[PDB]
Amino acid sequence: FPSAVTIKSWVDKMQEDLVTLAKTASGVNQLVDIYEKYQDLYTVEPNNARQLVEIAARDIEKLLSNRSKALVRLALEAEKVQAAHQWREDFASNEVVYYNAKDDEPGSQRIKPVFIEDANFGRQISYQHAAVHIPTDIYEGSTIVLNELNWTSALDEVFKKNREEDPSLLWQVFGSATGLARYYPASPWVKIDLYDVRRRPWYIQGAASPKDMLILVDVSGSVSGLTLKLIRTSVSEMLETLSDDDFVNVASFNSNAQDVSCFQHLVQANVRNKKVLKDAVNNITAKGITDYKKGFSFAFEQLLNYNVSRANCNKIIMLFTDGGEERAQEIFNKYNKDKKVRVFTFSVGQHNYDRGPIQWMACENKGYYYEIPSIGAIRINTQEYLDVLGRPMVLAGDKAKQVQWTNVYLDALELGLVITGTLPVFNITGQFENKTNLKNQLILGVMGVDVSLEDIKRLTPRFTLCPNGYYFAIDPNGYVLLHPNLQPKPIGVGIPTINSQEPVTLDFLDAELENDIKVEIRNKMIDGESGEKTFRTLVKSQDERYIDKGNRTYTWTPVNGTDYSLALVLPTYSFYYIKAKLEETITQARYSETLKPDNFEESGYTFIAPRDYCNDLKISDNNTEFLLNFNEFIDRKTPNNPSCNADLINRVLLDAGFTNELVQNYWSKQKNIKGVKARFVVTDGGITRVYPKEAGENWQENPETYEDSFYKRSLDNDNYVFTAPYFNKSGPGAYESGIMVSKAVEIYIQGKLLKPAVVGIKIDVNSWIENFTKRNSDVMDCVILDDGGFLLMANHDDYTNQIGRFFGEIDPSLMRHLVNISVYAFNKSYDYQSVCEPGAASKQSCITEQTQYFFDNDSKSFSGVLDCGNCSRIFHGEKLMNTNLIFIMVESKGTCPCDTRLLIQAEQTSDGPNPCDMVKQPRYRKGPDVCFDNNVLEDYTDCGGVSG
Amino acid sequence: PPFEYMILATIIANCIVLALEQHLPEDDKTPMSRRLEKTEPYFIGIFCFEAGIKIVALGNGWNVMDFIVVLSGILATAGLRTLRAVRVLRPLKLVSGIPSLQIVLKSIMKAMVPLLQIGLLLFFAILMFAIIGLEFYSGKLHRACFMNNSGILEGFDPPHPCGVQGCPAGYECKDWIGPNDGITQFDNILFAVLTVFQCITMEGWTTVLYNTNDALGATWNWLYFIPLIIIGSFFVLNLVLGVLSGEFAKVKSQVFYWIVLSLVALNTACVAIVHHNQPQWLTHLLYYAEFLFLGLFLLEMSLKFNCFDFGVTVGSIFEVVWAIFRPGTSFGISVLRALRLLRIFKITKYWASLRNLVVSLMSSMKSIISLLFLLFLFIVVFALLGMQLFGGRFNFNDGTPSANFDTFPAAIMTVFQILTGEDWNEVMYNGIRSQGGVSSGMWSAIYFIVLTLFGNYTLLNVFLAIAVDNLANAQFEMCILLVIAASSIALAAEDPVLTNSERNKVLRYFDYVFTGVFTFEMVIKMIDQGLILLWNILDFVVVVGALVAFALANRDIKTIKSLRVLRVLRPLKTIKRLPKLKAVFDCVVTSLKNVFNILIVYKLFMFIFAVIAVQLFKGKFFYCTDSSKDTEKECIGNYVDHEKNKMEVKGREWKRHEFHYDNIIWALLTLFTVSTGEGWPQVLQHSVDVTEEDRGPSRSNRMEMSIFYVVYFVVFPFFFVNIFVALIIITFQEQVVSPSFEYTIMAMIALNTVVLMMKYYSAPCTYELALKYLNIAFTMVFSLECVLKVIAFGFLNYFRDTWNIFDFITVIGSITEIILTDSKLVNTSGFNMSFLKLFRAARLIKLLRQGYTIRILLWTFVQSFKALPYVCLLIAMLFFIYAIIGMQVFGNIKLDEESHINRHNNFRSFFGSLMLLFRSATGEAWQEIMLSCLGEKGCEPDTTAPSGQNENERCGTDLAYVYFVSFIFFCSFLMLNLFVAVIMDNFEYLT
Ligand SMILES: *[C@@H]1O[C@H](CO)[C@@H](O[C@@H]2O[C@H](CO)[C@@H](O[C@@H]3O[C@H](CO)[C@@H](O[C@@H]4O[C@H](CO)[C@@H](O)[C@H](O)[C@H]4NC(C)=O)[C@H](O)[C@H]3NC(C)=O)[C@H](O)[C@H]2NC(C)=O)[C@H](O)[C@H]1NC(C)=O
Ligand SMILES: *[C@@H]1O[C@H](CO)[C@@H](O[C@@H]2O[C@H](CO)[C@@H](O)[C@H](O)[C@H]2NC(C)=O)[C@H](O)[C@H]1NC(C)=O
Ligand SMILES: *[C@@H]1O[C@H](CO)[C@@H](O)[C@H](O)[C@H]1NC(C)=O
Ligand SMILES: [Ca+2]
Ligand SMILES: [Ca+2]
């Protein structure tokens, strides 16, 4: 066992050699010197967070105001047009001209469109008319659908006018209560098509106010068999119509009422709770004798809790039975004397039991009655209660016409992540004389307009601030409207066992690492208020492998038009940015000349950032043709740039000049260094240059600077940063690339810290291991680790083969002890949007538990002895100065015959967190403050059986 | 005293209570059933009290039953197998309540002594085919090809076993549970006996034949199944009716009358013209005519089958008045006035004949009122037992079946259906499935076996009671004959599909020379007889049709084919040539003449029932493809189909059920199909669900419509059918040595049979070794016995007895099988010897008759085929003729699944056509076969005779109705004549 001082001296020698080599090869000091020596082709400008947040909030509010204006115009015109209709009973003489989608008949005539190709849509569209989608179960040519088509044909003019007013307008759709959807511009529909406009979340949110549904399921013996599975499917389909603003619970009763799940009260009815309720319902059995009084008393007690967070809105009881004679008049005369709770009853299955009492209790408590005799009726009869729930809304009048915005969901027509505005349309026929009031209690339909998340991302520029800074907007429910960790994939839940409906609702606390300060900020943002807070937090890198500590400043404000709240995350060293001031063409030409691929041997392989410089420049995701297009455009287009923003262009040309002069002045002096395999510089302009042109084909990094993990890691850290290579031959570079190092360039213009670029080298593994030897020693092994416990090399030459592997996956005992003595800290998270291989009982999406390791204390020397059982494991640990490396030496594991469970830090599939106790302490949220129920003028004299 | 009538009233009330409660699955009870359970002690209170009164003064088997009932009842309330001896058996004590039913029950139980002995033969004949099929079909029905490639399941809705055939479309087959959920297979002796018994009643035997058909090959399975239907059921059914008869044997103006007879001939025509979608003016005309006829009938009643014409005429006024205040359904009673068509015979003579017929009919009808009530009590008891056994257990994941035991009307309907013997195997499968499945629910087949055995014991005693009463109301030729047989043979070797092939090429010229010979016989007979100075007209029309076909042979695709059908009459001319066949035809014709009078009243009653059913149902049998729509206006477009767990998009169609009551003719056809007995549960299910005139059906909307079918089944098949056989019989009366060795050989062969009936699938290997060694030991013992017999009796004189010859034949065959079974290098998998197992499975054929089982039989003991079995040649000719007609007409229909004309059942080949005809004669889905052989059907492709047309013309005719109806009518009539001929054979023996 070597002495501590000798090991310290050895580590000092190694770290001095590494630091000196990196400093003299990467040439950071030269870059700083040149940046501070020019100081004339650019100016430093502030990045005041408050003004930026205010401007972005105003832009978002203006966009949503345009959308609201379009919605209001469409709804008013539709109401006026429908008010004047004749309801013709025959259409053979007067055919209806309309375009029916998903087509490749008497009563109507089709239309053949041109279907040009147009941008902002990934499909073929036509601006001459509007398409119509009629679901499979609904037959076109009947009186209802023909009348709907005839009176809705007048909306094409308004669709066209809205398009002309705002050319950057996506789908505008009118969802009829009949079942058909008319959307503009016309485009063909996407096996068996089960789409229905009355089940889409925007229609559900515009049809009625949030509710407090409580489902009662009769699980007596008489429901065993086909009617049991019919009831289960009906309950699942009914749950599928509930959003995150509604609160639901499921109960069952057979001579005794109980909850089918672990919840015991109303829950938030989000994706996790809905899945738990579905799984609980799909595992019930039928046995016993029905007792309506007990079940109804239990339901009424659960609807009168108020201890927990609720919607304080529509309270409805869904009774799923088959039939019976008990009426339970005393129960209804006891709890809802004033009839504040609607009761909906369903008769499920083929049977001959008495439906009398069921209908009576359905339409005595302001409810409705439905029949589900087969699987076909499940989908249609589980969505019709929103007609009943919407009567107070339509009776309210102009007060119940407010644009509402849905959660972020994937578009049904393959357009990406979108949100939808919503406005209900009321039947106003006969209101001139105010005499009908009989069929005017139902909405005609719901108007909607789509807003793509790319439109919102376009209003929050990010290239004027450092890659570590970003924007994010939040919901009153806490979900993120936009965030760097939001992806166009459905959020997973449970485990994917095999034997575009749900929205993408990702909470703010799940998008990034949670904290008490994070919770306080989220709570202050949800209710709506301005503020600003700077603190010290730990941030996870882009790759799910590293955690770094940095100072952040959170500035937030509410957007005034809607209930959203927008925040801007901005670290230190980022309040000031580089703005290039130059207008002479000679300098621009002499800076852009060093970008052609043929001029790369004497300047190094140059990458470009696929940024949006202007419309005429296409992004190809090739970077071999994008660079050619870019420099051909810059050599062809006039310098005045009539339609090409000059800030990005000037920045990229200035940074190209700086990088080229650095390569020519310094790197060309040393053509080859025995210890360095590649030299690279990555800058804020958006260009990465690798001195060894040859090294180019080994550069498996994203061309965009803002999406480089090592760039952000080096920005956060002050000293050098080592990046561990991948494992299990994830590509080329295990031995032909080397260990990557980086160092951020710090700049002082007038005493102001600036970090415009990073530089680094790819240290050759062979040279470093040879210097380390100065080998296959079976007595002891000495290893070097980074922030994350990833191996760089060892002394056994067998750990060297498994390069870039977690230290716990090979030597779990030492890793576990290091975690135990608090030299490494680890934090675990959940990735709700991750693709998972299917299990037993294509690929699905499921929750994944992610873990990362990082340095815990600031101490440098760590020595101890591991007790693995009837053996001694003496070791020492020293951390190298001015880097993120730690050198630990341990004795060979073969001497002590012990082996513990291996410690794995990888994409571990899981199913948690458990939501049974999550609902006991739910996250803070604010519900809508507008409700529409309990109107005296409501009719509710129509049951579901008298009509039959 | 009146103390007995109070007990009778209490029993009636308890029966009513038991008829009220219903059974719900999984320990569920209706609120009404709680009230019924409340009055349990009150009903048993006096049943225990009456025991004390009858025990203090008395200190018979009916008092034992009452004591058992009350003892089981008192122990039932202390807490459940004990709650069946007090509930389902309690209505039976009504019999002990009154002496009349006690005497009636003793009349039917005293005729079972000759019936139990002969029923032992049926069990012993069932044991034969159970053993034979166990050695050939054991474990060979466990591979059905699914090959989903996505869900490793599915396939065909009727699973298709592989065996050694191979599924045509592809696929491959893993382990399969079995044909009917693993219930209908020859695994062991108990399974084989049940399968043989359930196919000896002609229920699902075709499915069993087809399941083994595509697993072993279509070469020898018919040799196992056809005799099982002939020597198993045809003989036994004949035998039981033969032995049951063994005990049986030993105003005033004529002008006014004519006017009122012609007037009632228009009332029937007014109700026989009612049909769906009739013109509105016709509706108004009939509305006026009904009132006019009712008023006229009432007026002539005031002025004046007098009693039958009294209630029927009066009933119309009540029916019209009662329905007037409730617009809706109209049962109809006015057509019952048509019974006066019987009192018209005096004008056309045979009036006395109709008087004798009607007198016998009413006399016989009453003679069964007490036995019918006794019949209904057993039905009630069995329905209650089924409710206690299968009540609330048919709730399967696919939906509860229509024939369940949940409610008393449903249980009554199911018991009645099983008694009629139609689709009882399906209900037995459902009961076995409900009681646990094949693993643990096979004990519930006893209920259906016992009930089925009483269904035959039901008609047997009712038929016996009719006959007893009916007596009281009785006071170069060889060459020309051979050229016919050659032509008949040449008629069967054709391909209906390949119209132009080598066989037809060489057969056209054969037909030409046959027509030449026939016209030579023509020309030679026009000089001897001098034309005219009978079936010779039939011969003349056949020959002129052949000449015409030849004349316009040289348009010719459909018009000429109808002429070629006339040559199927060539076997008919054999009747005249054979004097022995002429006598049988003469007897058949005279039997038809003798019974024709009853056919007239049968047709009149059928017409009345059809007219009633037309108004009762009419246009209510329409339906839409998806259950959501209830009318033709809404049943349009496309809908999503969730059937069979597979989602698919189908179009909505407003269809009509295949058998309905839209017209009088359609109602007559449906009623005839019901009378045959096939498909009648489906008709009842369709009829119960009717709602309105032009609306879709709703399940179990009106269960009172089953009264119509109950009355129809009580009247027509149960009474009129056996009146024919009874009245035909009425017009029929006037025309070595050592005791130890003999005991050991008889007892040793008993062990061999027992050893024979223990082979079963998936047996342990040591079990198979023990079985093989036992077989070898028995074979060696038999060889030693045979060699001893030969030594002690002489080799040449050993074969002097038929029994000894048969025994020696098996022993040599047994040795040959034993030696070749093991073998070695001569395995010869191609030369798979199996027919020698017949000797091993026929050792019991000699083991039987320890006493005189054959003598116990009547038709078998006495001369069976003395001379009357000559009628069997007439049935074979009918089968041949109809097979030829079917090949010529329906032989080109394209085969497809989801239809009853497919690879298993079709008209393509002569033997396939004969198999189809036999299946229809026994009766499985002959109405479905007739439906499949209808017009505008697919056509099998004609590779020969190239042409530019693909569709051309649609094969399949609309003459399937008359074809099938006439075929089954003739088959039933010839079967009746065969039964009466067997009565001829044994007339001397029974006397
Ligand atoms: C907005 O509200 C207005 C009214 O406030 C509503 O307009 C009304 O539309 C209905 C048709 O849906 C018209 O009904 C007329 O009167 C009866 C009732 O439907 C029809 O007669 C038959 O009625 C039976 C049932 O009673 C029905 O089964 C049958 O199909 C009907 N038709 C037959 C037998 O031919 C009339 O036929 C029908 N009139 C016509 C011309 O068909 C009301 O008269 C309308 N009310 C007014 C004031 O005009 C309108 O539909 C609502 N908007 C939407 C989108 O639904
Ligand atoms: C509803 O349908 C009717 C009939 O098809 C439309 O009325 C006709 O519209 C055309 C076009 O303007 C006129 O030329 C005719 O004079 C109208 N009346 C007829 C044909 O009787 C009506 O426009 C349709 N409603 C809407 C909103 O488009
Ligand atoms: C739409 O919004 C933009 C800002 O996003 C605003 O400048 C403009 O006035 C609005 N209206 C139209 C018609 O562009
Ligand atoms: Ca119940
Ligand atoms: Ca049958």
# chains A, B, ... in the order shown; residues from 1 in each chain; ligands from 1
call {"tool": "residues_near_ligand", "arguments": {"ligand": "ligand 4", "cutoff": "12 Å", "atoms": "only C-alpha atoms and all ligand atoms", "output": "VMD selection string"}}
result
(chain A and resid 217 to 224 227 to 228 253 to 255 286 to 292 320 to 326 351 353 to 354) or (chain B and resid 23 to 31)
call {"tool": "write_last_selection", "arguments": {"atoms": "C-alpha atoms", "output": "compact mmCIF listing (two decimals), in the first residue's frame"}}
result
# COMPACT_ATOMS: atom_id res chain seq x y z
CA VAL A 217 -71.31 -0.17 -10.82
CA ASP A 218 -73.74 -2.92 -9.85
CA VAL A 219 -71.65 -6.04 -9.24
CA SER A 220 -74.43 -8.29 -8.00
CA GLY A 221 -74.73 -11.84 -9.28
CA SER A 222 -77.29 -11.02 -11.98
CA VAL A 223 -74.70 -8.98 -13.92
CA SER A 224 -72.30 -11.91 -14.35
CA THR A 227 -73.32 -7.85 -19.28
CA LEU A 228 -70.35 -7.75 -16.89
CA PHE A 253 -72.07 -2.26 -4.60
CA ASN A 254 -73.63 -5.67 -3.90
CA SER A 255 -75.36 -5.52 -0.50
CA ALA A 286 -70.09 -10.33 -9.87
CA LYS A 287 -71.55 -11.98 -6.76
CA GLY A 288 -74.22 -11.10 -4.22
CA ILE A 289 -77.55 -9.28 -3.96
CA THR A 290 -78.13 -5.72 -5.13
CA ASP A 291 -78.79 -3.02 -2.52
CA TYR A 292 -79.49 0.34 -4.15
CA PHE A 320 -74.41 1.10 -14.42
CA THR A 321 -77.05 -1.54 -13.74
CA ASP A 322 -79.24 -4.02 -15.60
CA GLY A 323 -82.63 -3.78 -13.90
CA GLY A 324 -84.60 -4.12 -10.69
CA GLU A 325 -87.69 -3.22 -8.71
CA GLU A 326 -86.27 -1.18 -5.82
CA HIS A 351 -82.11 -8.96 -20.43
CA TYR A 353 -85.53 -7.11 -16.07
CA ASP A 354 -87.72 -4.20 -15.02
CA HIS B 23 -82.95 -18.35 -10.46
CA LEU B 24 -80.27 -15.67 -10.80
CA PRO B 25 -76.55 -16.43 -11.18
CA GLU B 26 -73.99 -16.09 -8.39
CA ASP B 27 -76.11 -16.18 -5.22
CA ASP B 28 -78.49 -13.46 -6.39
CA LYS B 29 -82.18 -13.31 -5.52
CA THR B 30 -84.99 -11.18 -6.90
CA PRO B 31 -87.09 -9.23 -4.37
call {"tool": "residues_near_ligand", "arguments": {"ligand": "ligand 3", "cutoff": "8 Å", "atoms": "only C-alpha atoms and all ligand atoms", "output": "list in words"}}
result
residues 59, 60, 61, 62, 63, 64, 65, 66, 165 and 166 of chain A
call {"tool": "residues_near_ligand", "arguments": {"ligand": "ligand 1", "cutoff": "6 Å", "atoms": "only C-alpha atoms and all ligand atoms", "output": "list in words"}}
result
residues 87, 88, 89, 427, 429, 436, 439, 440 and 444 of chain A
call {"tool": "write_last_selection", "arguments": {"atoms": "C-alpha atoms", "output": "mmCIF file, in the first residue's frame"}}
result
data_model
loop_
_atom_site.group_PDB
_atom_site.id
_atom_site.type_symbol
_atom_site.label_atom_id
_atom_site.label_comp_id
_atom_site.auth_asym_id
_atom_site.auth_seq_id
_atom_site.Cartn_x
_atom_site.Cartn_y
_atom_site.Cartn_z
ATOM 1 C CA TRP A 87 -85.396 22.123 -42.940
ATOM 2 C CA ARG A 88 -86.231 20.638 -46.314
ATOM 3 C CA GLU A 89 -87.445 17.037 -46.153
ATOM 4 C CA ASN A 427 -79.218 26.969 -31.517
ATOM 5 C CA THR A 429 -83.672 29.617 -34.078
ATOM 6 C CA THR A 436 -89.732 27.974 -28.890
ATOM 7 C CA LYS A 439 -84.911 22.415 -28.737
ATOM 8 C CA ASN A 440 -82.757 25.502 -28.113
ATOM 9 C CA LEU A 444 -75.352 23.168 -32.433
#
call {"tool": "closest_atom_pairs", "arguments": {"of": "chain A", "to": "ligand 2", "cutoff": "12 Å", "atoms": "only C-alpha atoms and all ligand atoms", "output": "JSON lines"}}
result
{"residue": "A:77", "atom": "CA", "partner": "ligand 2", "partner_atom_place_in_ligand_line": "27 (C)", "distance": 11.1}
{"residue": "A:78", "atom": "CA", "partner": "ligand 2", "partner_atom_place_in_ligand_line": "27 (C)", "distance": 9.7}
{"residue": "A:79", "atom": "CA", "partner": "ligand 2", "partner_atom_place_in_ligand_line": "27 (C)", "distance": 11.5}
{"residue": "A:80", "atom": "CA", "partner": "ligand 2", "partner_atom_place_in_ligand_line": "27 (C)", "distance": 10.3}
{"residue": "A:81", "atom": "CA", "partner": "ligand 2", "partner_atom_place_in_ligand_line": "27 (C)", "distance": 6.5}
{"residue": "A:82", "atom": "CA", "partner": "ligand 2", "partner_atom_place_in_ligand_line": "27 (C)", "distance": 7.6}
{"residue": "A:83", "atom": "CA", "partner": "ligand 2", "partner_atom_place_in_ligand_line": "27 (C)", "distance": 10.2}
{"residue": "A:84", "atom": "CA", "partner": "ligand 2", "partner_atom_place_in_ligand_line": "27 (C)", "distance": 8.2}
{"residue": "A:85", "atom": "CA", "partner": "ligand 2", "partner_atom_place_in_ligand_line": "25 (N)", "distance": 7.1}
{"residue": "A:86", "atom": "CA", "partner": "ligand 2", "partner_atom_place_in_ligand_line": "1 (C)", "distance": 7.8}
{"residue": "A:87", "atom": "CA", "partner": "ligand 2", "partner_atom_place_in_ligand_line": "1 (C)", "distance": 8.4}
{"residue": "A:88", "atom": "CA", "partner": "ligand 2", "partner_atom_place_in_ligand_line": "2 (O)", "distance": 7.8}
{"residue": "A:89", "atom": "CA", "partner": "ligand 2", "partner_atom_place_in_ligand_line": "2 (O)", "distance": 10.8}
{"residue": "A:90", "atom": "CA", "partner": "ligand 2", "partner_atom_place_in_ligand_line": "4 (C)", "distance": 9.7}
{"residue": "A:91", "atom": "CA", "partner": "ligand 2", "partner_atom_place_in_ligand_line": "5 (O)", "distance": 7.4}
{"residue": "A:92", "atom": "CA", "partner": "ligand 2", "partner_atom_place_in_ligand_line": "5 (O)", "distance": 9.6}
{"residue": "A:93", "atom": "CA", "partner": "ligand 2", "partner_atom_place_in_ligand_line": "5 (O)", "distance": 8.1}
{"residue": "A:94", "atom": "CA", "partner": "ligand 2", "partner_atom_place_in_ligand_line": "5 (O)", "distance": 4.5}
{"residue": "A:95", "atom": "CA", "partner": "ligand 2", "partner_atom_place_in_ligand_line": "5 (O)", "distance": 6.1}
{"residue": "A:96", "atom": "CA", "partner": "ligand 2", "partner_atom_place_in_ligand_line": "5 (O)", "distance": 6.3}
{"residue": "A:97", "atom": "CA", "partner": "ligand 2", "partner_atom_place_in_ligand_line": "5 (O)", "distance": 8.8}
{"residue": "A:98", "atom": "CA", "partner": "ligand 2", "partner_atom_place_in_ligand_line": "28 (O)", "distance": 10.7}
{"residue": "A:107", "atom": "CA", "partner": "ligand 2", "partner_atom_place_in_ligand_line": "5 (O)", "distance": 10.5}
{"residue": "A:108", "atom": "CA", "partner": "ligand 2", "partner_atom_place_in_ligand_line": "5 (O)", "distance": 10.0}
{"residue": "A:109", "atom": "CA", "partner": "ligand 2", "partner_atom_place_in_ligand_line": "5 (O)", "distance": 11.6}
{"residue": "A:146", "atom": "CA", "partner": "ligand 2", "partner_atom_place_in_ligand_line": "1 (C)", "distance": 9.2}
{"residue": "A:147", "atom": "CA", "partner": "ligand 2", "partner_atom_place_in_ligand_line": "1 (C)", "distance": 7.5}
{"residue": "A:148", "atom": "CA", "partner": "ligand 2", "partner_atom_place_in_ligand_line": "27 (C)", "distance": 9.3}
{"residue": "A:149", "atom": "CA", "partner": "ligand 2", "partner_atom_place_in_ligand_line": "26 (C)", "distance": 8.4}
{"residue": "A:150", "atom": "CA", "partner": "ligand 2", "partner_atom_place_in_ligand_line": "1 (C)", "distance": 4.7}
{"residue": "A:151", "atom": "CA", "partner": "ligand 2", "partner_atom_place_in_ligand_line": "27 (C)", "distance": 4.1}
{"residue": "A:152", "atom": "CA", "partner": "ligand 2", "partner_atom_place_in_ligand_line": "27 (C)", "distance": 6.3}
{"residue": "A:153", "atom": "CA", "partner": "ligand 2", "partner_atom_place_in_ligand_line": "28 (O)", "distance": 5.4}
{"residue": "A:154", "atom": "CA", "partner": "ligand 2", "partner_atom_place_in_ligand_line": "27 (C)", "distance": 5.0}
{"residue": "A:155", "atom": "CA", "partner": "ligand 2", "partner_atom_place_in_ligand_line": "27 (C)", "distance": 8.6}
{"residue": "A:156", "atom": "CA", "partner": "ligand 2", "partner_atom_place_in_ligand_line": "28 (O)", "distance": 10.2}
{"residue": "A:157", "atom": "CA", "partner": "ligand 2", "partner_atom_place_in_ligand_line": "28 (O)", "distance": 11.1}
call {"tool": "atom_distance", "arguments": {"atom1": "atom CA of residue 601 of chain A", "atom2": "atom CA of residue 697 of chain A"}}
result
13.7 Å
call {"tool": "residues_around", "arguments": {"residues": "segment 377-386 of chain A", "least_positions_apart": "4", "cutoff": "8 Å", "atoms": "only C-alpha atoms", "output": "number ranges by chain"}}
result
A: 198-199, 204, 207-208, 230, 233-234, 237-238, 241, 344, 368, 370-373, 390; B: 628
call {"tool": "write_last_selection", "arguments": {"atoms": "N, CA and C atoms", "output": "compact mmCIF listing (two decimals), in the first residue's frame"}}
result
# COMPACT_ATOMS: atom_id res chain seq x y z
N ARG A 198 -67.27 14.16 -31.67
CA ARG A 198 -67.91 14.39 -30.38
C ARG A 198 -67.15 13.77 -29.22
N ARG A 199 -66.09 13.01 -29.50
CA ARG A 199 -65.24 12.46 -28.46
C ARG A 199 -63.90 13.16 -28.34
N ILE A 204 -65.21 18.01 -26.09
CA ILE A 204 -65.68 17.71 -24.74
C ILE A 204 -65.52 18.93 -23.84
N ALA A 207 -68.22 21.48 -24.89
CA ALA A 207 -69.61 21.05 -24.79
C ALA A 207 -70.19 21.37 -23.42
N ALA A 208 -69.41 21.19 -22.35
CA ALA A 208 -69.93 21.36 -21.01
C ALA A 208 -68.81 21.77 -20.06
N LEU A 230 -69.63 -6.02 -20.77
CA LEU A 230 -70.22 -4.82 -21.36
C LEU A 230 -70.13 -3.64 -20.40
N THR A 233 -66.43 -2.43 -20.27
CA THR A 233 -66.08 -1.65 -21.45
C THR A 233 -66.77 -0.29 -21.44
N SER A 234 -68.03 -0.25 -21.00
CA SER A 234 -68.74 1.02 -20.92
C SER A 234 -68.08 1.96 -19.93
N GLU A 237 -64.90 3.34 -21.51
CA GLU A 237 -65.21 4.36 -22.52
C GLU A 237 -65.71 5.65 -21.89
N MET A 238 -66.50 5.54 -20.82
CA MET A 238 -66.96 6.73 -20.11
C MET A 238 -65.79 7.47 -19.47
N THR A 241 -63.73 9.93 -21.67
CA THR A 241 -64.25 11.26 -21.98
C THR A 241 -63.91 12.29 -20.91
N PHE A 344 -77.47 9.80 -13.81
CA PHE A 344 -77.55 9.14 -15.11
C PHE A 344 -77.53 7.64 -14.89
N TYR A 368 -80.66 11.50 -17.10
CA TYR A 368 -81.05 10.92 -18.38
C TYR A 368 -80.89 9.41 -18.30
N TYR A 370 -80.10 5.78 -20.54
CA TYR A 370 -79.46 5.23 -21.72
C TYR A 370 -79.48 3.71 -21.67
N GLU A 371 -79.43 3.09 -22.84
CA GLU A 371 -79.44 1.64 -22.98
C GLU A 371 -78.21 1.21 -23.77
N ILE A 372 -77.51 0.20 -23.27
CA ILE A 372 -76.33 -0.34 -23.94
C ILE A 372 -76.50 -1.84 -24.11
N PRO A 373 -77.20 -2.30 -25.15
CA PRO A 373 -77.45 -3.74 -25.29
C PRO A 373 -76.33 -4.52 -25.95
N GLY A 390 -74.86 20.33 -20.83
CA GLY A 390 -74.71 21.62 -21.46
C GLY A 390 -75.92 22.52 -21.45
N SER B 628 -78.87 -2.13 -33.80
CA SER B 628 -79.24 -0.77 -33.41
C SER B 628 -80.49 -0.30 -34.16
call {"tool": "residues_near_ligand", "arguments": {"ligand": "ligand 5", "cutoff": "8 Å", "atoms": "only C-alpha atoms and all ligand atoms", "output": "PyMOL selection string"}}
result
chain B and resi 202-204+421-423+677-679+923-925
call {"tool": "residues_around", "arguments": {"residues": "residue 40 of chain A", "least_positions_apart": "4", "cutoff": "12 Å", "atoms": "only C-alpha atoms", "output": "PyMOL selection string"}}
result
chain A and resi 34-36+44+578-582+654+749
